[PDB]
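Trainee: sequence, then the experimental structure. Questions to follow.
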Amino acid sequence: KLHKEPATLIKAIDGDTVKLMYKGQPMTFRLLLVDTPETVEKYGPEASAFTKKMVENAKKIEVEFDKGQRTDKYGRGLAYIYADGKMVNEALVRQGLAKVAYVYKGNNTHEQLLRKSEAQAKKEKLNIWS
């Protein structure tokens, strides 16, 4: 089973990338299973503002690595980020500011949860889906 770990926000980079102090070392995390528009694509600065706002306002940030590979080729940590118990990954998708990404190297624990949310956002024609 997965487990959450504390992290401290250092700097939010964009819709799907955040910089945190993980285990005393600063590190960039790439949010698992989400594809936000590049900051400029339509809805890119909105997804960035959202991610940024969600993490800067949180009293507690926690990271959760999946069962697959924990870093990508650029050295970015691959995880689910929690801001005061709320998973940022899911929050983005539910708000229609991100598409569910293809599973990477066995990291699929929350793909169903995210798929559901995305369906709902499509249904409500939210942002990316309007």
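Mentor: Right, received. Where do you want to start? Numbers count the residues shown, from 1 in each chain.

Trainee: and the strands in the protein?
Mentor: Counting by DSSP state E, residue ranges of the strands within the chain are 5-14, 17-22, 25-31, 34-35, 61-65, 77-83, 86-87, 99-100.

Trainee: select, out of those strands, the one closest to residue 116.
Mentor: Ranking those by proximity to residue 116 (C-beta to C-beta) places strand 99-100 first, at 9.6 Å. Quick note: C-beta positions are derived from backbone N, CA and C, even for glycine.

Trainee: report the distance from stretch 90-101 to the chain centre.
Mentor: 9 Å (C-alpha atoms, centre = their mean, to the nearest Å).

Trainee: what distance separates the start and the end of it?
Mentor: One end of stretch 90-101 to the other measures 12 Å (C-alpha to C-alpha, to the nearest Å).

Trainee: identify, out of the strands of the chain, the most deeply packed stretch.
Mentor: With neighbours defined as mean count of other C-beta atoms under 10 Å, those peak in mean count at strand 77-83, which reaches a mean of 23.

Trainee: so which elements touch it?
Mentor: Judged by 3 or more C-beta pairs under 8 Å, 6 or more residues apart in numbering; DSSP states H and E, the packing partners of strand 77-83 are strand 25-31, helix 44-56, strand 61-65, helix 88-94.

Trainee: nearest to residue 114, of those?
Mentor: Closest among those, using C-beta to C-beta: helix 88-94, at 5.1 Å.

Trainee: which residues are contacting that closest one?
Mentor: With contact meaning C-beta atoms under 8 Å, 6 or more residues apart in numbering, helix 88-94 is reached by 15-16, 18, 31-34, 36, 47, 50-51, 54-55, 80-83, 98-100, 110, 113-114, 117-118, 120-121.

Trainee: for stretch 31-47, same thing?
Mentor: With C-beta under 8 Å, 6+ apart as the criterion, stretch 31-47 contacts 14-18, 48, 51, 66, 78-81, 88-89, 92-93, 97-101, 103-104, 107-108, 110-111, 114, 127-128.
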